[PDB]
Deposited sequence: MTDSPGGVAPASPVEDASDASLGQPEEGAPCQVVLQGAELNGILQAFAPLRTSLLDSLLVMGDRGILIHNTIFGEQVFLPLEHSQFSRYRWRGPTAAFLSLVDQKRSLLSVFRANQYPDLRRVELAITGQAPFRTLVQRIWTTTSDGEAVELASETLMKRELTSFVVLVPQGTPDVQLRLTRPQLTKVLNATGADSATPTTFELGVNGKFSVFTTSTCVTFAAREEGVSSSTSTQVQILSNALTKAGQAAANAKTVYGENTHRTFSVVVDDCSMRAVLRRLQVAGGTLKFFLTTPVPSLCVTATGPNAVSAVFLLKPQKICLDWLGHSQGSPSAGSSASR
């Protein structure tokens, strides 16, 4: 059909609808970098870099032909290509088609909507079909390589880890990992710690023996993880870089990630 065709009917739209379900308007004024391997939705929250990979396996049919494409999600700067995938924006949706049609520097994406009716047919709400144009020059700086050590957390665990973190330039935090798993997030007037094994007292992680002490400058790390309203997941550290980075990736059906820049040792 369309030279790039990305089809999300229902029974996969409920997966993606669950991904945007964590209760966010946040990732609306974003940028979608579509291409092979899927759509990547990158946005900046408080100054931090948030990502949502959407693999090609997460659409009913994904076909992409040509160079990577970048769309502002904000269609016409009021509506948004992703406002469709909110929880209850459009109650009765059944299918969404994301067709890109054009020639590499100047492409356009169309997004169609189809809302449910009775007796097996679908109303195309043509008042609300959206058409956006590829950005046609851009650069985004995406996270790279592999983690050296990742630690998986849970919802209350990550909530208390965020609670430990500071408020202002008064309070730098510190994600020290000692020898044998004593992963710990402290500040002057707060400390949290836990053990990492590869009943209730077992977080999981990988390559935990690689001790470190990264140190966080920015208070925003708390705020970001609540804006996203993240429910816990992997906490991956990158230390083979001049400026170390911690990514934090929600462990649910979706992959919304947020990378924060750590100061050295």
{"property": "Sequence ranges absent from the coordinates, based on the deposited chain and numbered from 1", "result": "1-27, 226-251, 319-340"}
